[PDB]
Structures are given as structure tokens and as C-alpha cells.
Amino acid sequence: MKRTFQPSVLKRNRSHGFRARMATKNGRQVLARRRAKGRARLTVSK
Amino acid sequence: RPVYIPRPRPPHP
Amino acid sequence: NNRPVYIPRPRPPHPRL
Amino acid sequence: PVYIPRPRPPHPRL
Amino acid sequence: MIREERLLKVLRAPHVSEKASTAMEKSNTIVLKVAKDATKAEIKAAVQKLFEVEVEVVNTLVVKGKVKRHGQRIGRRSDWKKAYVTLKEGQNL
Amino acid sequence: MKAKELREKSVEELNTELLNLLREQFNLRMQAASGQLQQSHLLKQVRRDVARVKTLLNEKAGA
RNA sequence: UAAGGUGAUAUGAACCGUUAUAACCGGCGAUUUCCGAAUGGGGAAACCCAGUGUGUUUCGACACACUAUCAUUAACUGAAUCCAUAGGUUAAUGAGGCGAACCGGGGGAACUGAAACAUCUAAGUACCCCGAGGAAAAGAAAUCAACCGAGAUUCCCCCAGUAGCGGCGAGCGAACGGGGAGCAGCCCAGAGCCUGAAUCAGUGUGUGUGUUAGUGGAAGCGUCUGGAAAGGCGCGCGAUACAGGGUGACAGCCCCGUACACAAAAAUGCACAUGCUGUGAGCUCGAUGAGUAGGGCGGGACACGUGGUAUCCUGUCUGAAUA
RNA sequence: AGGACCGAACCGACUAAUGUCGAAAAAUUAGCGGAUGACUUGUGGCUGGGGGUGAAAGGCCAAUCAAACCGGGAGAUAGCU
RNA sequence: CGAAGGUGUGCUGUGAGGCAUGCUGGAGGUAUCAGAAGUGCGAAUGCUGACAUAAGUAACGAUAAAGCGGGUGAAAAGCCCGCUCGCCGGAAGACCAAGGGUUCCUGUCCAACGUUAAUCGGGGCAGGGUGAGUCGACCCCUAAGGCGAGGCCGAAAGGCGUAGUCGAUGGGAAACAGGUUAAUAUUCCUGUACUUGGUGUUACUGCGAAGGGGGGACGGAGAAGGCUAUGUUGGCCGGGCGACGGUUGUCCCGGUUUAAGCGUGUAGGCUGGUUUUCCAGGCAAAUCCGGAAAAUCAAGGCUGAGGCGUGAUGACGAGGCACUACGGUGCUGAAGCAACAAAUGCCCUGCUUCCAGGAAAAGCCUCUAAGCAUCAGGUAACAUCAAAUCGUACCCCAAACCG
């Protein structure tokens, strides 16, 4: 039974990585929101 | 804590 | 203590019409 | 020489 | 020019262990700790000057710090770099 | 040990820094690692001395 | 300031200092790795790879600095055609990003209410976007009023759930006028006479005050109970200090404080006086904002849903008079 | 030569039994279909919610689909329990 | 010489309550009269925690299977050693990539974790362990695609896209054998090699691009030939002749292995070479490519597995001998050939056929423009230097990845 999550570091970084968020303004707002909440992990860091 | 160096080490087949 | 997650349909699909 | 704090009552047999 | 002071900081400490001892007595090589960057050229120059010995080749590797479970908390040790330095037929230390 | 070396010329300041880094900083570090050093307070004292000399060099050279 | 200290979990080891550079606190400085607007190029953020210019142990190889984009300005170059322009290079100035609310503008719901629902309501609300400030916006009548008069804007209490609007349903809802807070008026569309002539902005000096370390700061003892008294009992003293906190049970008089009186080498905000820089006083004459006002068509805003609908704004087509 | 034939790997799931607080939020055992092709598979891309994609079932779009998920309008409304 | 709270007892009021007190408790409580409420819980398939019930019941996760002796230990069916038995053997073995992130090795401990015990462990604690010019990443080049200076478009945000710049799942230089650690090795050691650049010396020489040309450079299916990996047998070498009959014999057991590189050039495949002259073609030029003419020979050139020599009178090697912290260490070491069979692997990105007609760019070779030709630069030989940085443990059809 193949499950939904099939890990891949390259796909994870290129999809939800820090640079991916900064590319668009919506991603920048995502980072801004999580800085405000004080989350330790801003994004998925390798 | 977080390790950030998953470099490839392919031993010759 | 903690609510379950799967929450399958416990009722059996057999309508008595 | 490392200080050892008091562990939980089910601590390892140290 | 800060080469002299740079060479005085690349070397951190010698490494003591069973592998270190057997390597010294057999291969005439010293294993020691270096800075995180510590390029092979810098290590070679530092050993030549500070220890006043002749060296043949240097091999370096990076050791990842272990994850330790101290008290109620989880911690990690710092990564460090150790270098194997192969001395020539003339050895001092 | 702060104003004693304030009036020396830049040439001596570089010289004293080199011997501070050379001896009592590298040698002490090797001694401590090998376990032959019992007076560990020298390490911090030497490190602060190196900082003092560097502070003088910056306020001497250039600005 | 100082006889104590080397931050905490957290003891230890090795040491510093005790009359002054131990430590601690404050001002001003120095250092300030890498990522991030990231800005030399790239990139899977904390990584990879460079060019040019300055100085150096074995050529080896090193150290530092610069090198993003956009807007404006200046210089030098520069096409299709002579000139020219576009374009290119160089140097300087400014911006970039982040931040809880408040402010102005550009867009803009639905649920819901109407006991259904479409006009309407919810509501110019939520939300998205842009820009700036410590506040912003608005602001010196082509305004009201009533033929008696008031004179910028803004905010609060009345007027008033009033007049009106409205499938005249649900609902929406003023103004005039009055009482308060605070008050300040100017400049260009232009010439002449007189030209620092007041008021402003930027840089020095001096006074006062405040912030950033701090200093002194009064006065209680004996017995009883008790593990221990600050409690009970008896007799005292301070108070411009019984505000608080701590101390082996409840302390004005044990400690830190408190009222009160003082303190600043250095950096700073505020109110004044005195210098410099730059625009700029006062009088006479003239001028006095045109694709605009207004109008047709379609919408929006004013409580006011096109109704008998004034007034304002605008997409489209037209279009005056000028005292 | 062949969307040719038989048949393993590989892909799929026609029948039966077991299992339904299971070993497993669809599996196991015994049979079964395709198996040089309109095949299958690794890695990396593109299409985003009244939209995508669909040899078309209202199928699939992170175990959720006749309109995904998260936050907000929002304490929607509820003549009902 | 004992507050609140807790827990009993005795009185008291038509009631919600009140009063006194025993024991625990250990420092707060509050009359009366007024004031304000997060002011009273048994239910909402209410929310949170704790604890019952079923119940010491079902179950203990593939019906591949265990038995015994010894050791350690407080304790042994599960751990270690030994002898048997059974299971997988296109795997349930050995390798990786992805993904995990110290699970690897040693010492020590058994609380929790392990569906039981546990001395054991992927558990706890401590220490140790990952060595590269040649592997890979990095790096040079590019596909789908992403971003995108100017630019076009759009109420704002922003959309698209040129030059460019990113993007491996692809192309691009180079190492093999043996030995060694408790744990790393194509990385360490021994032996024998190879590749790309800088500098210097010597002898020649025109060098010179984002520009031109070549090359890189490519489909499906099918068949034969030559091979090798590998296997079997014979020979050779060493050992054995044997607890139940026979077995010195055409009998039994084990071994009979050796790389990259360098030299030679084969089976096979492809193509006709050489010289001269000319041409508005290759966005400019060209000695290069393309095209047109002639003379000449009939061969040349390119590619190419395997084999054969050297590598190597080296290494490895059954077995034997000497000590064992009795796990293992050291020393020594014979033969090391031939025949047959044979691949899905190599020659072969080949050849023969078929329609669906089967990437790009760089590295490399080659020709020139601008520019310089006493230079610089290029070619050939020798010497020297450099090849950085990062991954290297372990699992990887699984107890370590996704469930």
C-alpha cells in the first residue's frame, strides 16, 4: 500500500523551502506570519 | 540539532 | 483523554426500508 | 566531571 | 598578511585513542584536531612551522557531533575536523 | 597591564601580539588538551591580553 | 560604586581583588563570523563560484577594497540618415526591507435581516492592495443664514429617532441653531520704489530644566509562650519617613526602602539669549487660475433608493461669461 | 512482421474462503487477466477549487470531493432538539 | 496554650443552614450593618482529569522447528560457545540510489522500552569510529521547465516574455590488485599506473573569438558470427584408505587464482584515396566545410571485442608448525595447466529490415575577422609544482525508509 507521503529532500526544499517562500509576496506573508507567532522553524530547513 | 548536509556518497557498484 | 482520528463509519450500510 | 541532576522517580538504576 | 597568526589558530588539539596510537607507531602519522575550515594547505603549513617537522600529505575528515539526552533535555555536540598528517622518515613528536 | 603598552610604537605592538599568540596561547592550548596543564586560569588571562593589544592596534592604525 | 568577585541550571577545579585599573552599574568608543532587502553572479537560506584594483614568506599562494537594480543630476561616448536623437560607460545623491494599532486613497463580499425573496439591509463592514506620519486627513467660503446676522478646519454634548428617505416594508437618518475643547492665518499666477525689513529652516556658543550611574536618610529594650518571635505583658523613642518588600509566627524603631536634602567627566530632548548661512519685510499700480463652470447620456456620494430632486464627483460626447 | 499465441519478472484485480474491537483505515491464501505494447517504471517538471484533469465513473485532485484543505467574515442563521 | 481546609460526634431552626467540640492541619480568618456578583449543578450522546466494569477474559502479529551439553549469572527455553535438526537460496544472500541520521564498534547497567523472562538488544550511560588528484558531489554544458535587465500588458497586487541566467533524471579528464582495524578503505599501507592545469628550460613555429564547419549525435524489432564472465571434466599438486560388508584403485577429499596500465594488432564494421584549378554558398573573411572540373593509383584510412607478451623469478595459495588474555597471532608454503560447454554481458551508439522517422549544448578537432607579428601565443621534449572544498559509519524488499 503506497502511502501519500513519499519523502524527497529536493522536492521538499524546492516546494516549501525558504527561497521558495521569498519568491512570491504570498510566501513572504507566510514567513511574516510565522515570525509574528514566534515559531522556531520558519520553514522546512534541510 | 538539524543536520543540513545530505551529500551523496555512491560506492562504485 | 484524546479524541480518535480515523473516525470510521461505525453504522453499517444496510437500510431497512 | 559533569554535574548530574536529580532524575524522575523511574530513573535508570544509576 | 595574517598568515602567521592564522597558522597559530588552525591547530586546536591532538587526538588520543587506540586508532591514533596504532597509526603513529605503524604509519608514522599524527592525528590532531583542527578548526572547522582548516584547509589542507593551512594544516600542512602549520605543522611544518609550529612543530618544526617535515610532512608528506594531510588527510582531513569532519566528525558530526553526537546527539545526547542530558537530564530532561536533548542536546547536540559541535562538529569538529580531525586531520591525519603523515610525517616523513624523520619524526619528532 | 592596560596603559603600560599604550605608549609603545606599532612595531612593538605587533611583536608582542605575535608572541602572545605564539607562546602562552598555542602552547597553553596543547598543554590543556594533553592534560598537563593544572593552572587553567592562564588560558582566559592570555586571551584577554590578546584582545587588549588588538584594541590598541585599531585605535592606533588608521583612525 | 566597591570588599568582594569569575551569569544561571550547578556544585567543583584553577584564580583575581580588599583603598583602589577585582567585580558590578552608566555615557562615549572598538570588535561585530555566516544567512536574511542581501546588494559581485548563482542557489535547495545560513552554501557554491568569480572579475577588477591595491600590498606581500618557495612561481607556489596569501590580505584588504570594490563590483546589484531602479530614479534624478553631470561628464564622456554614440546608431539606422548630415546634424540630432535613441542607446552605452563612468561619478555623485536618494530609494529598496521590516513593524501591533491608529490615518488617507484604489478595489470590495456573503452570511444575515426583511419571519420567503429580487429593490433594500448587512455595508462601504470583513478582506486584498498602495502611500505617509507621529499623528494623518481636512482647513482659510464661488460657506451658512435670513433679509437680523456669524465668519478656517477638526473633536465632544444637544438639537434628535425630530425633518426626511424607504417593496413608505424591514430599516436608514440629517441640517439649521445652541453649549464646550482649541484658535492662525498666508503664498504664487508681476512689475516698480525701498532692499536682511519681521517671521522661518540648517549649523556654533551660553543659562535653566529633564533623561542615561548614584549618595545620605530618623528612632527598642526586658520578661512569658514557643523550633524560631515581628506575638502577649511592661515601660520608651522617631515621624515633612507606619507607602511597600524581606527577615525562623503579625516589625514605624533588624535589613532594603520610604518622606526629605543632594549628585554628572561624557552624550542627550525641551524653553530662551547671542552669531553665520539660505528664501524672504513695507508701499503704489495691475493681475486674479478654460476644455474649466454648465449641459446631454451612464453611474456613484450626500439621511435623501430618480422621485417634483437641489448640491458634489466622475466614464463618454459637448461647452460659456470672465467681473 | 504482429495493439499475434503460451508463460515468469513486472502491471492489474474476475471468483472463493479467511479476516471485520483484523497482521492490514481493502490485506492474506488458492486460482485468475495482460505480459513488444493504446505497455510498464525511476527522476524532474506543468495544469489550483466553480478551477484542474478525466478512453467519462460525477471518477480523481495528500486515507477527506455533486465543488479539496487552512485562516478569516463568525458567537453566520436555526419558528428545531 | 493552634486560623482556613479536611474528618467525626453532639445540640439547634417549618427550610436552605447555624452553633460547640475530638483528631489531622499548619497560618491565616472575620462579627454586626450595608455594597457589588464569574453567587449555588445530577443530567446538556456537556468539557478536563482520576478511577471502575467486562477480566485476570480475548490476544501475545504468518503453522520455517527445534533438541541437548557446557559457560556466564542472584536467576537461562530465548544471551555466548559446541554438536545435531529445520527454513530461504532470481533470496529470507551480497550491493547501492532515494529516505533515515549514529541505529555502526567497544565497555558497562536492566528502571522504562522489547506484546513473556532477559545476564541479551536497533534500550540507558560513557568512550571510540567516516582519511580520495582518479568514487560521487562541487564544477563546464544543456532538456522539460523556472526566473527574467530593458520591453509589452494590466485598477493596485501583478501577467507574459527578449537578451541573459538557473535547471540531471542526460553529455564532459584520469586506478587497479593484494594486505590491514573491534568498527573506514578502489580513501590507509605495499606494488605497479594514469589524467588535467601553472611555472621554468631547449628546438621550431604565425597566433588569435560569443564567428564558420566537423564531431559530440541518439528509434523499434530481428538474426548470425566472434568472444568473455562463468561452469563441468581430465591432468597436476597435497592429504586419505577409513568405527556396519567392500575399497591402493578407471577410488575419495581440497586446491589448481592473479587486475588496471603498457606493447602488438586480430574476428568484425565503415568509407575509395592522393594532387591541382576554380566557385555570387556557410548573415564579414577563410588554407576549413560544401560544390564543379580535370591527372593519378587502386589501395589507403578510421573503428574494433577477445587473444597473446609485459605487469608478475611479485602477490595469493590447500596444508603444515609454534603460542593462545584460549577470541586469535606469528612462521612456512607444493601445483597453479589443458579440453569442452557457454550467456540476457562485450565487439554492437554495429549489421539487416520496418514506419510511428527516432534530444540539446559544451568538452574535443579544425578555419579565419578585429589585434599583434624583435613580442605575445602555439606545437614538441624534460624538470618542478598544484588538483582545493563537501559526502565517506550503519540500515537500505527492512525491526533503521513510507504505513
Side-chain angles (χ1 to χ4, degrees), chain A residues 1-26 28-29 31-33 35-36 42-46, chain B residues 2-13, chain C residues 1 5-10 12, chain D residues 1-5 7-14, chain E residues 1-4 6 15-20 22-23 26-29 31 36-42 45 49 57-71 73 82-86, chain F residues 1-4 37-45 51 54-59 63:
Chain A
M1 295 298 102
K2 199 189 189 175
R3 293 285 153 224
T4 53
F5 183 53
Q6 304 299 324
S8 182
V9 172
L10 180 66
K11 281 170 104 179
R12 185 181 200 72
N13 285 3
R14 191 177 295 168
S15 182
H16 318 288
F18 176 84
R19 292 182 58 77
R21 303 284 194 210
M22 296 285 280
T24 47
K25 67 182 290 294
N26 307 313
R28 264 181 260 120
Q29 293 179 356
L31 304 161
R33 286 203 293 277
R35 292 187 200 282
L42 294 174
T43 57
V44 297
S45 179
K46 191 159 77 170
Chain B
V3 307
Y4 64 93
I5 188 164
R7 279 237 172 192
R9 194 277 195 159
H12 3 76
Chain C
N1 261 192
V5 174
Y6 169 22
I7 324 302
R9 162 172 282 93
Chain D
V2 169
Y3 207 62
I4 313 302
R8 309 286 321 161
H11 65 286
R13 298 285 82 95
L14 57 89
Chain E
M1 183 278 288
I2 61 180
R3 173 147 274 283
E4 182 65 26
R6 183 87 183 88
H15 201 62
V16 183
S17 45
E18 182 65 26
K19 180 163 198 180
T22 187
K26 182 62 66 68
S27 296
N28 184 32
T29 190
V31 55
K36 186 66 177 300
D37 51 1
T39 70
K40 271 173 196 184
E42 283 157 80
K49 174 169 276 164
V57 66
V58 181
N59 297 333
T60 67
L61 65 91
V62 182
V63 188
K64 264 62 68 169
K66 303 201 217 174
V67 166
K68 299 302 217 203
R69 172 50 190 181
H70 175 253
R73 190 178 299 111
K82 56 190 272 194
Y84 296 80
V85 184
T86 309
Chain F
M1 182 39 162
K2 53 175 207 176
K4 181 267 289 180
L37 184 68
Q38 69 276 17
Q39 293 179 356
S40 62
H41 72 277
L42 275 300
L43 285 147
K44 182 174 72 68
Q45 151 183 356
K54 291 193 82 73
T55 301
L56 299 199
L57 270 157
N58 290 318
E59 61 86 20

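Keep in mind that the numbers below use all heavy atoms, side chains included, and drop hydrogens, waters and symmetry copies. Lettering of chains follows the sequences in order, A, B, ..., and the numbering in each one begins at 1.
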*A/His16 versus A/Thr43: any side-chain heavy-atom pair under 4.5 Å?*
no
*For F/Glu59, answer base if it contacts any base atom (sugar-phosphate contacts may also be present), sugar-phosphate if it contacts only those atoms, and nothing otherwise; contact means non-hydrogen atoms under 4.0 Å.*
nothing
*I/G136, G/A10, I/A50: which one has an atom nearest the side-chain heavy atoms of C/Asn1?*
I/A50
*Counting heavy atoms not belonging to E/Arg73, are there more than 12 under 6.0 Å from its CZ?*
no
_Nucleotide G/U21, atom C1' - distance to CE of F/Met1 in whole Å_ = 13 Å
*A/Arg12 has an atom CZ; how far is it from atom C1' of H/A62, in whole Å?*
13 Å
*Could you tell me whether the side chain of C/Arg9 and the main chain of C/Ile7 form a donor-acceptor pair under 3.5 Å?*
no
*Determine the contact category for E/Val62: base if any of its heavy atoms lies under 4.0 Å from a base atom, sugar-phosphate if only primed atoms, P, OP1 or OP2 are that close, otherwise nothing.*
sugar-phosphate
*Rounded to the nearest angstrom, tell me the gap between atom CD1 in B/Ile5 and atom P in I/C138.*
13 Å
*For A/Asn13 and H/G44, give me the distance from atom CG to atom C1', rounded to whole Å.*
15 Å
*Per the atom types in the model, does the base of G/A44 pair as donor or acceptor with the side chain of A/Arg14 at under 3.5 Å?*
no
_Rounded distance in Å between the P positions of H/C6 and H/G33_ = 9 Å
*Check the chi torsion on I/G100 and let me know: syn if it falls within 90° of 0, anti if not.*
anti
_Aromatic ring of F/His41 stacked on base six-ring of G/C16, 5.5 Å, 30°_ = no
*Within the structure shown, what part of the strands sits under 4.0 Å from E/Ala41 by heavy-atom distance: base, sugar-phosphate, or nothing?*
nothing
*When we call it a touch if two heavy atoms are under 4.0 Å apart, what does A/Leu42 touch: a base, just sugar-phosphate, or nothing?*
base
_Let me spell it out: for each of A/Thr43 and B/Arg7, pick the nucleotide of RNA chain G with the closest heavy atom. Which residue's pick is nearer the 5' end?_
A/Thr43
*asked:* Applying a cutoff of 5.5 Å on centroid distance plus 30° on plane angle, are these adjacent nucleotides, G/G231 and G/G232, stacked?
replied: yes
*With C1' as the reference atom in both, quote the distance from I/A173 to I/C138 in angstrom, rounded to an integer.*
16 Å
*Ignoring hydrogens and angles, does a donor from either the side chain of E/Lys64 or the base of I/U130 sit under 3.5 Å from an acceptor on the other?*
no
_I need the NZ-P distance between E/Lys19 and I/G131, as an integer number of Å._
7 Å
_Considering all heavy atoms, the nearest E/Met1-E/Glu4 contact_ = SD-N, 4.0 Å
*is_pair(I/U256, I/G235) Watson-Crick or wobble, both dists under 3.5 angstrom*: yes
*Provide the distance between the two P atoms, one in I/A65 and one in I/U103, to the nearest whole Å.*
34 Å
*Nearest-nucleotide pick for B/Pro10, side chain only, options being I/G128, I/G391, G/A45*: I/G391
_Determine whether neighbouring nucleotides G/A265 and G/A266 are base-stacked, defined as six-membered ring centroids separated by less than 5.5 Å with an interplanar angle below 30°._
yes
*asked:* Just the rounded figure in Å: distance from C1' of I/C401 to NZ of A/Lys11.
replied: 16 Å
*Test for a donor-acceptor pair under 3.5 Å between the base of I/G128 and the side chain of E/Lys66, counting only N and O atoms.*
yes
*Mind checking A/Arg35 for me? I need base, sugar-phosphate or nothing, with any heavy atom below 4.0 Å counting as a touch.*
nothing
*Remember a base hit wins even if backbone is also touched, and classify E/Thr22 as base, sugar-phosphate or nothing at under 4.0 Å, heavy atoms.*
nothing
*Assess whether one donor atom and one acceptor atom, taken from the side chain of A/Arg3 and the base of I/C402, lie less than 3.5 Å apart.*
no
*asked:* If you compare all heavy atoms of E/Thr22 against all heavy atoms of E/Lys19, which two are closest, and at what distance to 0.1 Å?
replied: CG2-O, 3.1 Å
*Looking only at heavy atoms, what is the nearest atom pair of E/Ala45 and E/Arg3, with distance?*
CB-NH1, 3.9 Å
*Tell me, do D/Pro5 and D/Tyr3 make a side-chain contact under 4.5 Å, heavy atoms counted?*
no
_First encountered from the 5' end of RNA chain I, between A/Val9 and A/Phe5_ = A/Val9
*Which residue lies more 5' along RNA chain I, comparing A/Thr4 with B/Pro6 via nearest heavy atoms*: B/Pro6
*Of E/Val57, E/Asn59, E/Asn28, the residue whose pairing with E/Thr86 passes side chain to side chain contact (heavy atoms under 4.5 Å, CB included)*: E/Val57
*Return the minimal non-hydrogen interatomic distance between A/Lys46 and B/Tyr4, and the atom names on each side.*
CE-O, 3.3 Å
*Wobble or Watson-Crick pair present, G/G51 with G/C66, both under 3.5 Å*: yes
*asked:* On the nucleotide I/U130, are OP1 or OP2 found under 4.0 Å from the side-chain N or O atoms that E/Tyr84 carries?
replied: yes
*Can I/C278 and I/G90 be counted as a Watson-Crick or G-U wobble pair, both distances below 3.5 Å?*
no
*asked:* I'd like the P distance from G/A287 over to G/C304, given in whole Å.
replied: 45 Å
*Determine if I/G350 and its strand neighbour I/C351 meet both stacking conditions: ring centres closer than 5.5 Å and an interplanar angle below 30°.*
yes
*For A/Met1 and H/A25, what is the distance between atoms CE and P respectively, to the nearest whole Å?*
12 Å
*When all nucleic acid strands are considered with a 4.0 Å heavy-atom cut-off, which category describes A/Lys25: base, sugar-phosphate, or nothing?*
sugar-phosphate
*asked:* Any base atoms under 4.0 Å from B/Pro13, or only sugar-phosphate, or nothing? Heavy atoms, all strands.
replied: sugar-phosphate
*Nucleotide of G/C98, I/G131, G/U31 approaching E/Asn59 most closely (side-chain heavy atoms)*: I/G131
_Under 4.0 Å, heavy atoms only, any strand: does B/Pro11 hit a base, just the sugar-phosphate, or nothing?_
sugar-phosphate
*Let me know the distance between CZ of E/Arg6 and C1' of G/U33, rounded to the nearest Å.*
12 Å
*Outcome for H/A24 when its sugar is typed by the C1'-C2'-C3'-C4' torsion*: north
*For nucleotides H/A16 and H/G42, find the distance between their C1' atoms and express it as a whole number of Å.*
37 Å
_On the nucleotide I/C125, are OP1 or OP2 found under 4.0 Å from the side-chain N or O atoms that D/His11 carries?_
no
_Interatomic distance at P, I/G268 relative to I/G345, whole Å_ = 23 Å
_When you compare the pyrimidine-type six-membered rings of I/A387 and the adjacent I/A388, are the centres under 5.5 angstrom apart while the planes stay under 30 degrees?_
no
_B/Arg9 side chain, from C-beta outward: closest of I/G128, I/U392, G/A45_ = I/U392
*For E/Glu42, which contact category applies under a 4.0 Å heavy-atom criterion: base, sugar-phosphate, or nothing?*
nothing
_Taking any heavy-atom pair under 4.0 Å as a contact, classify E/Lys26: base, sugar-phosphate, or nothing._
nothing
*Pick base, sugar-phosphate or nothing for E/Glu4, based on heavy-atom distances below 4.0 Å to the nucleic acid.*
nothing
_Glycosidic class, syn or anti, of G/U67 using a 90° window around 0_ = anti
*What nucleic acid atoms does E/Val67 come within less than 4.0 Å of, heavy atoms only: base, sugar-phosphate, or nothing?*
sugar-phosphate
*When you match F/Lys2 and A/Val44 each to their closest nucleotide on RNA chain G, which lands nearer the 5' end?*
F/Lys2
*Mind checking E/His15 for me? I need base, sugar-phosphate or nothing, with any heavy atom below 4.0 Å counting as a touch.*
sugar-phosphate
*With both distances required to be under 3.5 Å, indicate if I/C236 and I/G255 make a Watson-Crick or G-U pair.*
yes
